Amino acid sequence: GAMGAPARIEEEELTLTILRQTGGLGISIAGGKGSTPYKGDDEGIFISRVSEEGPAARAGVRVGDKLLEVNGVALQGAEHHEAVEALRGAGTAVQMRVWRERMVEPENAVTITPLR
């Protein structure tokens, strides 16, 4: 596999741990695609379900956080089912990684500005 690597910006590396929900119900992700990788192995998974400051989302995610690997399982190219299958048993302790690129991460976010 090798088509190109146009969007390959310096990675930041953000490891987060999501333990069993302590009030809510964890989070909610959804990917699925199966298209050529950005830099050989990358798809970018999105989610939407912030927790009430507990071990479910706030632990690292934030309603739509850029993630690549889920619970140690590279979601690069994988499908929504591949990302959930990892959270199944990891429900008690999930380990997802967050990387920054020229896609998953929107320009609006790339800007480090306040909200006042």
# chains A, B, ... in the order shown; residues from 1 in each chain; ligands from 1

$ select_by_dssp --residues "chain A" --states "helix (DSSP H, G or I)" --output "PDB file with N, CA, C and O atoms, in the first residue's frame"
ATOM      1  N   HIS A  80     -16.715   1.462  11.876  1.00  0.00           N
ATOM      2  CA  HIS A  80     -17.375   1.787  13.135  1.00  0.00           C
ATOM      3  C   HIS A  80     -17.503   0.549  14.017  1.00  0.00           C
ATOM      4  O   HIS A  80     -17.447   0.639  15.244  1.00  0.00           O
ATOM      5  N   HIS A  81     -17.676  -0.607  13.385  1.00  0.00           N
ATOM      6  CA  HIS A  81     -17.812  -1.864  14.112  1.00  0.00           C
ATOM      7  C   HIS A  81     -16.481  -2.281  14.730  1.00  0.00           C
ATOM      8  O   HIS A  81     -16.448  -2.923  15.778  1.00  0.00           O
ATOM      9  N   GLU A  82     -15.387  -1.911  14.071  1.00  0.00           N
ATOM     10  CA  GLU A  82     -14.054  -2.248  14.556  1.00  0.00           C
ATOM     11  C   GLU A  82     -13.672  -1.378  15.750  1.00  0.00           C
ATOM     12  O   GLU A  82     -12.905  -1.796  16.617  1.00  0.00           O
ATOM     13  N   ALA A  83     -14.214  -0.166  15.788  1.00  0.00           N
ATOM     14  CA  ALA A  83     -13.933   0.763  16.874  1.00  0.00           C
ATOM     15  C   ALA A  83     -14.765   0.433  18.109  1.00  0.00           C
ATOM     16  O   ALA A  83     -14.317   0.618  19.241  1.00  0.00           O
ATOM     17  N   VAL A  84     -15.980  -0.057  17.884  1.00  0.00           N
ATOM     18  CA  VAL A  84     -16.875  -0.415  18.978  1.00  0.00           C
ATOM     19  C   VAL A  84     -16.482  -1.754  19.594  1.00  0.00           C
ATOM     20  O   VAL A  84     -16.554  -1.932  20.809  1.00  0.00           O
ATOM     21  N   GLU A  85     -16.069  -2.690  18.747  1.00  0.00           N
ATOM     22  CA  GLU A  85     -15.666  -4.013  19.209  1.00  0.00           C
ATOM     23  C   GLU A  85     -14.545  -3.912  20.239  1.00  0.00           C
ATOM     24  O   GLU A  85     -14.395  -4.781  21.096  1.00  0.00           O
ATOM     25  N   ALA A  86     -13.760  -2.843  20.146  1.00  0.00           N
ATOM     26  CA  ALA A  86     -12.653  -2.626  21.070  1.00  0.00           C
ATOM     27  C   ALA A  86     -13.144  -2.023  22.383  1.00  0.00           C
ATOM     28  O   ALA A  86     -12.593  -2.299  23.449  1.00  0.00           O
ATOM     29  N   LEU A  87     -14.181  -1.198  22.297  1.00  0.00           N
ATOM     30  CA  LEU A  87     -14.747  -0.555  23.479  1.00  0.00           C
ATOM     31  C   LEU A  87     -15.613  -1.532  24.268  1.00  0.00           C
ATOM     32  O   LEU A  87     -15.868  -1.330  25.455  1.00  0.00           O
ATOM     33  N   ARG A  88     -16.062  -2.590  23.601  1.00  0.00           N
ATOM     34  CA  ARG A  88     -16.898  -3.599  24.240  1.00  0.00           C
ATOM     35  C   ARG A  88     -16.302  -4.032  25.576  1.00  0.00           C
ATOM     36  O   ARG A  88     -16.849  -3.735  26.637  1.00  0.00           O
ATOM     37  N   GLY A  89     -15.176  -4.737  25.515  1.00  0.00           N
ATOM     38  CA  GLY A  89     -14.525  -5.200  26.727  1.00  0.00           C
ATOM     39  C   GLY A  89     -13.752  -4.100  27.427  1.00  0.00           C
ATOM     40  O   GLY A  89     -13.516  -4.169  28.632  1.00  0.00           O
ATOM     41  N   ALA A  90     -13.356  -3.083  26.669  1.00  0.00           N
ATOM     42  CA  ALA A  90     -12.606  -1.964  27.224  1.00  0.00           C
ATOM     43  C   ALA A  90     -13.519  -1.022  28.002  1.00  0.00           C
ATOM     44  O   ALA A  90     -13.059  -0.054  28.606  1.00  0.00           O
ATOM     45  N   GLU A 107      -9.873  23.531  10.786  1.00  0.00           N
ATOM     46  CA  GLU A 107      -9.098  24.763  10.864  1.00  0.00           C
ATOM     47  C   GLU A 107      -9.546  25.615  12.048  1.00  0.00           C
ATOM     48  O   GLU A 107      -8.725  26.200  12.752  1.00  0.00           O
ATOM     49  N   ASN A 108     -10.857  25.679  12.259  1.00  0.00           N
ATOM     50  CA  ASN A 108     -11.416  26.459  13.357  1.00  0.00           C
ATOM     51  C   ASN A 108     -10.743  26.100  14.678  1.00  0.00           C
ATOM     52  O   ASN A 108     -10.492  26.968  15.515  1.00  0.00           O
ATOM     53  N   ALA A 109     -10.452  24.816  14.859  1.00  0.00           N
ATOM     54  CA  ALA A 109      -9.805  24.343  16.076  1.00  0.00           C
ATOM     55  C   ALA A 109      -8.311  24.647  16.058  1.00  0.00           C
ATOM     56  O   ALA A 109      -7.714  24.943  17.094  1.00  0.00           O
ATOM     57  N   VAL A 110      -7.711  24.572  14.874  1.00  0.00           N
ATOM     58  CA  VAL A 110      -6.286  24.840  14.720  1.00  0.00           C
ATOM     59  C   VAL A 110      -5.915  26.196  15.309  1.00  0.00           C
ATOM     60  O   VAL A 110      -4.776  26.417  15.722  1.00  0.00           O
TER      61      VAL A 110
END

$ residues_around --residues "residue 75 in chain A" --least-positions-apart "4" --cutoff "9 Å" --atoms "only C-alpha atoms" --output "ChimeraX atom specification"
/A:31,41-45,67-70,79-80,82-83

$ write_last_selection --atoms "N, CA and C atoms" --output "JSON list (two decimals), in the first residue's frame"
[["chain", "number", "residue", "atom", "x", "y", "z"],
["A", 31, "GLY", "N", -17.45, 5.53, 12.59],
["A", 31, "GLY", "CA", -16.54, 5.80, 11.50],
["A", 31, "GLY", "C", -16.98, 5.15, 10.20],
["A", 41, "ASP", "N", -1.79, 5.10, 6.60],
["A", 41, "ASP", "CA", -2.62, 4.43, 7.60],
["A", 41, "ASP", "C", -3.28, 5.45, 8.52],
["A", 42, "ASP", "N", -4.42, 5.97, 8.10],
["A", 42, "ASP", "CA", -5.16, 6.96, 8.89],
["A", 42, "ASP", "C", -6.52, 7.23, 8.28],
["A", 43, "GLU", "N", -7.54, 7.32, 9.13],
["A", 43, "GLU", "CA", -8.90, 7.58, 8.67],
["A", 43, "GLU", "C", -9.56, 8.67, 9.51],
["A", 44, "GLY", "N", -9.27, 8.67, 10.81],
["A", 44, "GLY", "CA", -9.84, 9.67, 11.70],
["A", 44, "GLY", "C", -11.26, 9.33, 12.11],
["A", 45, "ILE", "N", -11.44, 9.03, 13.40],
["A", 45, "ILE", "CA", -12.76, 8.69, 13.92],
["A", 45, "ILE", "C", -13.37, 9.86, 14.68],
["A", 67, "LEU", "N", -9.44, 10.93, 16.87],
["A", 67, "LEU", "CA", -8.77, 9.75, 17.39],
["A", 67, "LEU", "C", -8.37, 8.80, 16.27],
["A", 68, "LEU", "N", -7.29, 8.05, 16.48],
["A", 68, "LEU", "CA", -6.81, 7.10, 15.49],
["A", 68, "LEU", "C", -6.95, 5.67, 15.98],
["A", 69, "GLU", "N", -6.27, 5.36, 17.08],
["A", 69, "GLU", "CA", -6.33, 4.02, 17.66],
["A", 69, "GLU", "C", -7.32, 3.96, 18.82],
["A", 70, "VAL", "N", -8.05, 2.86, 18.91],
["A", 70, "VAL", "CA", -9.03, 2.68, 19.97],
["A", 70, "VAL", "C", -8.69, 1.48, 20.84],
["A", 79, "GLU", "N", -13.60, 0.07, 10.55],
["A", 79, "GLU", "CA", -14.99, 0.51, 10.46],
["A", 79, "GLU", "C", -15.58, 0.78, 11.84],
["A", 80, "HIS", "N", -16.72, 1.46, 11.88],
["A", 80, "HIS", "CA", -17.38, 1.79, 13.13],
["A", 80, "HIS", "C", -17.50, 0.55, 14.02],
["A", 82, "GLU", "N", -15.39, -1.91, 14.07],
["A", 82, "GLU", "CA", -14.05, -2.25, 14.56],
["A", 82, "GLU", "C", -13.67, -1.38, 15.75],
["A", 83, "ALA", "N", -14.21, -0.17, 15.79],
["A", 83, "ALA", "CA", -13.93, 0.76, 16.87],
["A", 83, "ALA", "C", -14.77, 0.43, 18.11]]

$ residues_around --residues "residue 63 in chain A" --least-positions-apart "6" --cutoff "12 Å" --atoms "only C-alpha atoms" --output "list in words"
residues 26, 27, 28, 29, 45, 46, 47, 48, 49, 50, 51, 52, 56 and 57 of chain A

$ residues_around --residues "residue 106 in chain A" --least-positions-apart "5" --cutoff "12 Å" --atoms "only C-alpha atoms" --output "MDAnalysis selection string"
chainID A and resid 44 46 64:66 100:101 111

$ write_last_selection --atoms "N, CA and C atoms" --output "PDB file, in the first residue's frame"
ATOM      1  N   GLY A  44      -9.273   8.669  10.809  1.00  0.00           N
ATOM      2  CA  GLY A  44      -9.842   9.666  11.697  1.00  0.00           C
ATOM      3  C   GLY A  44     -11.260   9.328  12.115  1.00  0.00           C
ATOM      4  N   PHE A  46     -14.679  10.042  14.520  1.00  0.00           N
ATOM      5  CA  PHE A  46     -15.386  11.127  15.190  1.00  0.00           C
ATOM      6  C   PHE A  46     -16.435  10.579  16.153  1.00  0.00           C
ATOM      7  N   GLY A  64     -16.727  14.856  19.708  1.00  0.00           N
ATOM      8  CA  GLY A  64     -16.091  14.980  18.410  1.00  0.00           C
ATOM      9  C   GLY A  64     -14.597  15.210  18.516  1.00  0.00           C
ATOM     10  N   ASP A  65     -13.888  14.233  19.072  1.00  0.00           N
ATOM     11  CA  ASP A  65     -12.441  14.333  19.232  1.00  0.00           C
ATOM     12  C   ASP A  65     -11.720  13.476  18.195  1.00  0.00           C
ATOM     13  N   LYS A  66     -10.648  14.020  17.630  1.00  0.00           N
ATOM     14  CA  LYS A  66      -9.868  13.307  16.624  1.00  0.00           C
ATOM     15  C   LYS A  66      -9.090  12.156  17.255  1.00  0.00           C
ATOM     16  N   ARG A 100      -3.270  14.832  15.643  1.00  0.00           N
ATOM     17  CA  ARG A 100      -3.667  16.020  14.897  1.00  0.00           C
ATOM     18  C   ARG A 100      -3.148  15.960  13.463  1.00  0.00           C
ATOM     19  N   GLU A 101      -4.017  16.284  12.511  1.00  0.00           N
ATOM     20  CA  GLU A 101      -3.646  16.265  11.100  1.00  0.00           C
ATOM     21  C   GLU A 101      -4.296  17.424  10.351  1.00  0.00           C
ATOM     22  N   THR A 111      -6.885  27.105  15.345  1.00  0.00           N
ATOM     23  CA  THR A 111      -6.661  28.442  15.882  1.00  0.00           C
ATOM     24  C   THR A 111      -6.760  28.446  17.403  1.00  0.00           C
TER      25      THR A 111
END

$ atom_distance --atom1 "CA of residue 61 in chain A" --atom2 "CA of residue 35 in chain A"
24.4 Å

$ closest_residue --among "A:91, A:24, A:40, A:55" --to "residue 7 in chain A" --atoms "only C-alpha atoms"
A:40

$ select_by_dssp --residues "chain A" --states "strand (DSSP E)" --output "JSON, numbers by chain"
{"A": [14, 15, 16, 17, 18, 19, 29, 30, 46, 47, 69, 70, 73, 74, 93, 94, 95, 96, 97, 98]}

$ residues_around --residues "residue 9 in chain A" --least-positions-apart "2" --cutoff "12 Å" --atoms "only C-alpha atoms" --output "ChimeraX atom specification"
/A:5-7,11-13,38-39,99-105,110

$ closest_residue --among "A:18, A:112, A:2, A:74" --to "residue 59 in chain A" --atoms "only C-alpha atoms"
A:18

$ residues_around --residues "residue 95 in chain A" --least-positions-apart "3" --cutoff "6 Å" --atoms "only C-alpha atoms" --output "PyMOL selection string"
chain A and resi 16-17+71
